[PDB]
Each structure stands twice: as C-alpha cells, then as structure tokens.
C-alpha cells in the first residue's frame, strides 16, 4: 500500500480545503526568469527586493480576499522571504485562511526525436525537497507539463512521457504528506479550432489518469490543473462562452474520475475578464460535475495589479485593490454568480 488511512485522510483534508466552496488558488510562482519579463513590462528592475515587494503586495491584500483564496502557490525563493512586518510569507498566507503551496518542477526539457516537444524535469531529490517544504509550511505542490497542438503533436511519446513524470512526481509528493496539483497544460498556440482542442484534451487526460492509476496515486488527495478547452489563439473562427463551457465540461466528464477532489483551471493567456467569464459559464453548465471546478490563476489575477503598481510604492493600495477585484470576481465565478481595459488585454505569450 502506498499510504495508510491516516495519511490518506490528511491529503483528502488538505485538498478539500484549497477548493472549498467559492475558493480558488493564486498562482504566484513565477521563476526568477519568468517574473523578469512581467517586471520588465512595467519598467521595474528584477531585484530580490522588488520581487519580495511585489509578492508582499499580493499576499498582504485586505481581508476581503480571505474567503476567495484557498491556497497560494509560491516559488522557492518566496517561500523563504518575509513581509515588512517580519512575518515569513507562509504564515502571512495561513493567517488569512489559505494553504501554502510550492512549485517543485525544474522546467521543461526537449524530447529528442520529436517536432519540438518537451518533457519536464525535477524528480532528482524531490522526496527530500518535499519533506523539507512540508516542514517549512507548504502543504501542496505544483508540477507543470507542456504539450502543444501542431500537425504531429502532441506525440504518442510525448503524451506518455509527460503522463509518467506527472505520476512519479505525485507519488513522491503524497509519500511526504504533500498534495500534488497535476498540471497537464495544452498550450493555446496555433490555429486549431475548438473540437480539436477537445479531442486533444480528452486524449491527454485519459493518459494522465491511466498513468496515475498505474503508479498507485490516491486521487482524493490530488488536484487537476488543466487548460480550459478553447479554440487556438490564431483561430479565425469564433466561439461563445457557452460553447467553450460545454466543451470543457464535456471533456472533463469523459476522462476525470469523480474521485478527484478539485479541478483548478489555468488561464492560459486569456484576459483577466474572459478567464472569469468562462469559469462562470463552466459552473453554470447544467451537466453533472462531481468535482470542484475553480481557478488556479497566475496572469489572470495579477495583470491589473501589476500595471497599477508600476513599480511605485505609492501605488500599493491601488494595485492591491485591483487584485482583490479579480479575486472576488473569480470567487463568484466558480459558483456561477458572476455577472458583471487592463482586465480585457489578451495575456497570450508564445510558449
């Protein structure tokens, strides 16, 4: 047996907290190189104190966020940083009613023989890392795999390998009391339409859950972090929020066992507002959906806050109020009760 009954209950508990009703996740875990591009976009230098101040900005927003945010995914460096008032960032997060999460993958690597496809690395020593992260206050984890729709992608070799590394990663995580968020991202890059994303999404989740079965993963103690199902970014043809919602809820109904505790969508380049509108179309779909359907958003919670901060410490409480509007909009959207410029900008970046 991979896990005892006591360990199993710890993971089911943690997982049910994160996606408790009306709650989602703040995906604040950009690498140093990734937060560089977002900082550069607003003229701000990429320094440890600027990254600490921006992350402090988001975690210390006012208590209206506390029922909207069940967990916060951090990057290594940030997990060991402190707020201005001396408190370490994980206590800041718990103090407001959220679970601390840590991103543990070490990025993507090319898979030879293929048309530009990648797998993901980071399992070397992961068991010790997780033990220490759990000791230092993290209770869930994140791993991101990346597949792309092209004419000979996602490859069979690609789907199989990424599904297998996901499951390893998750086996290790649960051995150490850490709930794994399983992230199989199909990028929106390309001109494919909606049905094609739906075919490819179904195909990839089927392989993911098979691989999870094979490796003995306790599914009640996992979260699934999939793309919404949407046309490609360069698709000429257009589709409604209902067509997207149907197509996403259909693909997940056909592949994800009800035992999975929560589905926390990535935004994938969607504008802040479209991400919220779609998330709401999905939770208003009449079809039966046996799991939480909520948000795990990075860019679609932070773009308005970033441009309202501008790097200027005076703008803190305008930036913080921009985050809290998107945090509140999504908490309503994952219950179907959201019906409403920098929030309308496409956030799509190639790869």
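Numbering follows the first chain given and starts at 1.
Deposited sequence between residue 340 and residue 341: 4 to 9 residues lack coordinates. Per the PDB record, of the two stretches 293-301 and 41-49, 41-49 carries the greater mean B-factor over its C-alpha atoms. As the entry records it, the average C-alpha temperature factor is higher for 191-199, out of 164-172 and 191-199. Which of 107, 184, 125, 88 has the largest Cα B-factor in the deposited entry comes down to 88. Among the modelled residues of its chain, residue 98 has a C-alpha B-factor that falls in the middle third according to the deposited record. Residue 73 sits in the middle third of its chain by CA B factor, as recorded in the PDB entry.
Among the modelled residues of its chain, residue 214 has a C-alpha B-factor that falls in the lowest third, as given in the PDB entry. Per the PDB record, residue ranking by Cα B-factor puts residue 242 in the highest third of the chain. Looking at the C-alpha B-factors along this chain, the one for residue 81 belongs to the highest third.
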